[PDB]
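First up is the structure itself, then whatever we jot down about it.
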4 protein chains.
Amino acid sequence: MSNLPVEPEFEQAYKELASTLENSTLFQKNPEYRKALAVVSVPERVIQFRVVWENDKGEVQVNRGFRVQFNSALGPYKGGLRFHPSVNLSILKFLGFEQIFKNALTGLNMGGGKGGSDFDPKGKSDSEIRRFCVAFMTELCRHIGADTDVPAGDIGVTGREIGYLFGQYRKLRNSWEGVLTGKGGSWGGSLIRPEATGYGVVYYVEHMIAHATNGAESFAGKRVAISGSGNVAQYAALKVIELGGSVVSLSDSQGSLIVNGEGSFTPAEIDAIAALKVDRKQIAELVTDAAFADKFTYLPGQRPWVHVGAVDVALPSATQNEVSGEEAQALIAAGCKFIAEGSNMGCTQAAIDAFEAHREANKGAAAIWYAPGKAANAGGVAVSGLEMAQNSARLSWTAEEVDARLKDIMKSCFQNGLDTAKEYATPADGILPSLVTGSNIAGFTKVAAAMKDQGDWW
Amino acid sequence: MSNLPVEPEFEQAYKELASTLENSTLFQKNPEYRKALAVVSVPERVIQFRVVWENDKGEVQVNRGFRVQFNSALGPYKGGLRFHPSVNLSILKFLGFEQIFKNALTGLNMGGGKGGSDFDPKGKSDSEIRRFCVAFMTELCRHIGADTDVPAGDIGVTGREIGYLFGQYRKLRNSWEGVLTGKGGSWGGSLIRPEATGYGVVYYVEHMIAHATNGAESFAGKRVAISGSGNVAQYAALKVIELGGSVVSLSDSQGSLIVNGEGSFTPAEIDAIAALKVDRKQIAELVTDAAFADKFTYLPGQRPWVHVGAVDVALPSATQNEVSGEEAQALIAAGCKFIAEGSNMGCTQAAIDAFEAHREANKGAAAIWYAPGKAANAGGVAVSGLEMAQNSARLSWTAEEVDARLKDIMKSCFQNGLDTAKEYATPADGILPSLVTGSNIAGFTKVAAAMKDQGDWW
Amino acid sequence: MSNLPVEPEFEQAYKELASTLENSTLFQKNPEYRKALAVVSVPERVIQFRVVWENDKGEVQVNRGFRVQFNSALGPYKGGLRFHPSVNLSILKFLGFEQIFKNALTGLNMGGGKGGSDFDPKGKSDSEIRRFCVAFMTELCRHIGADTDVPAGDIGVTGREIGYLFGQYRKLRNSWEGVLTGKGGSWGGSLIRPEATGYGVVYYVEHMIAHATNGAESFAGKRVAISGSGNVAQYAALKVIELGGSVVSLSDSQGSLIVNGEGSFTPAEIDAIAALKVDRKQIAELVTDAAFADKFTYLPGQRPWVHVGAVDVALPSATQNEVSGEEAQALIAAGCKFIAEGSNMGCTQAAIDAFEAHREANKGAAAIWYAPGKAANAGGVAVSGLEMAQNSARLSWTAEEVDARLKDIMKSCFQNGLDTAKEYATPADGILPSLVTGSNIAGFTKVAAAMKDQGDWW
Amino acid sequence: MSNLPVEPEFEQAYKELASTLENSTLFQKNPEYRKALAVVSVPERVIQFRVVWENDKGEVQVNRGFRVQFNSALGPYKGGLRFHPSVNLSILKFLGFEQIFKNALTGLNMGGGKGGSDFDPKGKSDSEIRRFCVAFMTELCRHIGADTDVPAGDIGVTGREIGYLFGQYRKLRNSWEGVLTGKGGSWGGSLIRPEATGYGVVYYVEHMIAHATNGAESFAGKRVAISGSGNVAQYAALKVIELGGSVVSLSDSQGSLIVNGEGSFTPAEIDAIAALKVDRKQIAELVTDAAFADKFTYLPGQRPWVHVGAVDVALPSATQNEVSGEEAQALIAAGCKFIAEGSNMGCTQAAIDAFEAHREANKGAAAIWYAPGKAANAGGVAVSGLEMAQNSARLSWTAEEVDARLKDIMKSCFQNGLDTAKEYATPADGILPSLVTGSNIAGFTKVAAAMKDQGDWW
């Protein structure tokens, strides 16, 4: 161990996983899977490489490229590319490791990885970004490919970077293939990619509602509190309306908008907000209209949870730590029986404990049921996988076809979380299985067992 | 010819094929296809290679590996891997040759091959099998690939071996692709793979029943005699019940179970048998229950054919030579009008002659119609092909989607057998076309003509 | 061990080697090398492949192509190509196996293989041989290469065929490299290629003549007995005339010409014989002049040795089994102290054991010393490796350069044969070491030790 | 610049180089070469990869494998493999970085890299080392090759390991090429491989002895101080005896033997010491004879230098930091005018700056002249490149041939060290040029200029 470098962010993730596995009945029923945890925690392959490029001053520049290829038991390496000054190996092993098991949950054939550069997009011109992507991709293509490793976007790598990177791979490998996801519509991108994470959340909660109530209830006629104004929260809200539900809240960086009384946002309203966000206007400048007005109450500086009144479903999809303990109690007091994270890490540990304590203490549908983002988010990860599949046929499915497959993939997440908690975190008679604990063990056990099948360990 | 090695098992297969083609009108209408038979009978490629490995005594061990790549006119090389002490080239050319034309019948894009080792799985530990697969696959990967050659299981190569072999190919080729079939569900296997051969048999007989009766009849309300207790006979029986038919018999290594009177097995009963077979208990230990009892008659030491009484369909799916001449007469006397082999070579030549003589002598649906296993079995070969297709999209279809495609593939087998017999074995006015003769010429003519299109011969 | 096919010619070669070992002290000093014997006798890789080609009638034709890549511990596979109607895998394994150890003796880095086809060159036009070589090479290039496998001439493949084989390799691999040996001088060939073998026997026996009779009882004033009158025999004779020796005997397939007194053939005469063979004419050229009517006694349709009279070195370089026993004994009556095979398998077992018995009996330098073509023939094999080296160096060495290195490679053979046997035969009582036993187990041990250094066995 | 990890050993190497530059006149004459310094210090490519292997208990084991391919401006990556429990990326970068410039000095075409694993060879059976090397090489071959990256020995990897590594490369790449150096003689090894380093220091200092004291005050009648008694020390001593020198001192790890008067060790004695080391015995062989009781004073568990008495060349070739300062000063008391490192890092900083101060003070040929192992050690590295060349030439040169070219490669080191510093140090006042400063910035400038010719910077 005196060899081992200190990789704080990575070690943090390992520690959390090993703790989760240890607080279950897994290493009881299957003690040899500790060997699995040992072997999986070392990446299958790691590539680092010098990236030399020219700035607009015509000056030579040096940065460092990385592609952590962590696990490929369940499919080709899959995970994003981050261009950001803080990037290093320890950051990218953390993200890559995490990705192994979030990709496993979908029930798609996706391994895990993460790559990128310590290149800084700030203050860089469009042409500087091009010259970088070209230098970057020149070495990377040696190491990726459509049946090998399929990167994607992340911080600093938008559709702009994806396109430069694809066009340089094309030049080098003389090939047209699903080597990157998040591509343009003319060259191999997928429909539903915008609606994905938001539709996915609502499809996941739809299986939660089904299960908890034996098919008695659905989003039909339920009051939903959403937070967020952007891509995830817009389309979550649209789906909920389509399902006959009422969207009672939305929020932005500076306040919450609440439906007075019984009521809902309408699709035209959502569209109006959308338009404000593309302009970087605040969801206050719409209640300045006399439309909205007494239909809506705008609370500056505040989250929606205490002020929605009575609610049934809530969908935090704004940022991290956006549901405190107290706000978790409030949702419980309002009759909220389902919470799912559209935003990664939106609920604080305090709020999770609050929901997980209520779940244990109240049988069946009397409980509030909490679902972590790593299963509810997964929509975006899923349409990535559907983009790859569409690239293989060289076909573009209809929005209807991609929606349907996404619906299934989302049922797989619910099922992987539910079934794993029933086995390794078995609840007492009448208690809902923990979808959080389930969704944390589920990726590991799926990967590990397949690793065993394939002889990665024994 | 003084060069030619004696390959008995292979030469046997050639002799049988050339006899089948000669006893038709093919080399009359198309005499130049004798050139086809000459060229096809030499494999496109054959690889043999030393396999060195370490036993648990840490001792070096030597065996011989093979991959016969026989024909690829109609698709990538496809066929199984056998680990068995008797393996040699002559065995594997026999099986490989046969596979060319059984894969052709499906109407899928599958060439023909067969591979394996003279390695003996007996007395070998799990780790010894791993060390072998790793040594084996190390040389094999040079010669196979998802669009090149897709091996599969056979004697001595179960899901255990498939997984070791896949995991070693992964390591070597740095690729995730449909390079093997019969994979685990987490890493690229297919649903319906268990139900495949049994569902396939019933779908094939369903097209037989349709044809012979102009769509008047179906499995709706017909008494079916099945033999066998394992994978093929369980799911054949389930499908028959689903179709509204009555399963009146099942059998194991030591006796037959018969429905007294009018009656059928029920799905719960099938499941009960299934459970006895996984434990290696005998289908007698269920009539020891007072359930079953006077519903069933258990005949130790006996096959079901004479004792089912009157029957409509029979589905020998236990082992080889399980329907004698006399038993073939018995089925005929009981009104049996459709026989299809779930087991390879289940009917003796005596029984085939018996059915084929009745077919010639009795017009239309008065006949008994015999279908060889090489077309009725083909279910397993089909879901293999569907597994490959699913691996290409990196998608998992629903059990409903794989069932539907299997249904089609099974119609293709019926049609390739029917149509080829109408052309090259034309029956007299009012006689059903021979599905046995048809199914024997059909693979050859499909392959040969495509070979001609591609310039393999001229 | 019933699985294995019947391979006569190969099984014979293994038996003979396995009895040469164990009849030595190798397996007591190194018992674990029976493991080596077991592993090395399975070929590393074998390839068989259909060759379809068009005859001048426009007719499709089928033959079978092979390449036995037996062992590569000491370097790339190296071995020749035989086009002949008798070819099969058993014959090619025999030759390949033997090539492993024959190439080891040169002290070059050359593994052992052999390939060819059952294609019959007899009666074939030049265009048919072209068409075949294209078709043959199209599959073969997948399996060979400058650093992988370098084939070369043998029965059915002359410089004509080598050229057709090279061209097609060029067209397919877009390369140009030492992938074949025996190539034309304009395109990668070597000088001393024709002389090579003939020069090699003379160099070999020169070192035999040095070691026995250390005081340089050399080729200087020896009357040497040659048989053959082919390019092996003519360059063998030139070399011994250059060494101050006297050539007394050349022979034709039907034919045998003897120096009636003391004297020799001259280079000018050799030149005349060469011209006769370009005309496929028989010797019959003592008729040309009463001068050549003297110095020459001619014996049609028979054979040399007995009538040569008294002396000292014999070089059988005609064909296999130069009729033996008796003449061998006659050569001990004449003061024949040195016999080396210029033709492969030139001495029949009866002449071998006769020479090896005399060695046993008569102590050093009183004995006839027999050397196996496994060292004497190796001159050709040696300039092939030199043709490879020259192809690497992008250079075409002087005849002097390639002759010098040949002289050394020959001494290596002698040394590997002499030092081995002096170890593992240890002659005793001041007898000459067995160059037959030495030459055989030397190649084995060199390969087998290098096998163990790498992981091939343990 | 916080993103970057903490790499002690590497950061040290950069700092030391960056201070050697800038303390020279290079950056005034060529300021843009600070750009070179920035680019070259990022490695061109880095690969890390999990190695799973099986111990003799049948237990799965995990270690980590690396290959730092740092710079290839001047040729393929070349650098050794270290198996040791301390290995990590920081250590390997330090070594790789240093190898870049050490290889440049030979004037061969050799880029710089370094690799290995944290696998611990201690306590491992031969079979465990085999199993590891297979597993290690299986991933490594993807990244190396005769014209790409040629690794070689270092701490944990001897000729044993090289052989296991080569075999597995053979099996995987189906090639046979100069992909590893330090290979056995039967399979691609070089003569003068063992002598190499030892011969190289003597050749280097011979040119130091030529330049200072131009009138050939050569090894002729020098009493030379050696330390080490390993293969570096024994071939260093043989060479100086051949040069007419007198070896006065050899030492063991615990141990130090001195010629008590005028005289030397003999080759026969060296031979005896070598045998002792094959037995892991200590010197203790002046006991064998009162003869050796004279000519020899022995000092256990301590150290040479101070007690050698008066003279002239010292060759520390034992291990790192031969205890310094004091003895260094003693060597200036004896007429020691030449000190070159046969061991890497043999002189501690205190002895370096002591020697470099004396050089400053005493004008030419009155000074002790210190040479860094960065030139003196380079004999080994040089015959490795020669082993490569021989592998290319398909040839195995005479010991004379490889010695001659080694002698020249050594003169290149001296010349690159001498001519540089005489440029970028310019000693002044008729002082000897710093061979320490010269040797260091020479490698940099050679690489950096070739970097600029290609596009690596500008």
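Ligands are numbered from 1 in the order shown, chains are lettered A, B, ... in the order of the structure tokens, and residues start at 1 in each chain.
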### Query
Which residues in range 121-289 of chain D does DSSP call strand (DSSP E)? List them as number ranges by chain.
D: 149-150, 223-227, 246-247, 249-250, 257-258
Residue neighbourhood range 151-167 of chain A, 6 Å, only C-alpha atoms, exclusion window fewer than 5 positions, as a CSV table (one decimal) with C-alpha atoms, in the first residue's frame:
chain,number,residue,atom,x,y,z
A,78,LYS,CA,-19.3,4.0,-21.5
A,79,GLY,CA,-19.0,7.4,-19.7
A,80,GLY,CA,-18.4,11.0,-20.2
A,81,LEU,CA,-15.6,13.4,-21.0
A,82,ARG,CA,-14.8,16.4,-18.7
A,83,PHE,CA,-12.7,19.4,-19.8
A,133,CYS,CA,-10.4,18.6,-29.6
A,137,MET,CA,-8.9,13.0,-30.3
A,180,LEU,CA,-19.6,9.0,-29.3
A,181,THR,CA,-23.0,9.8,-27.9
### Message
Should the cut-off be 10 Å, what would the residue list for chain B against chain C look like, counting only C-alpha atoms, as a PyMOL selection string?
### Response
chain B and resi 1-7+35+38-54+58-70+84-91+118+139+456-458
### Message
Quick one: residues within 9 Å of residue 388 in chain D, only C-alpha atoms, excluding same-chain residues fewer than 2 positions away - as a ChimeraX atom specification?
### Response
/D:146,150,177-181,188-190,383-386,390-393
### Query
Where does DSSP see alpha helix (DSSP H) in range 34-251 of chain C, if you list the residues as a PyMOL selection string?
chain C and resi 34-40+89-105+126-140+159-173+196-211+231-242
### Query
Which distance in Å separates CA of residue 357 in chain C and CA of residue 339 in chain C, to one decimal?
13.7 Å
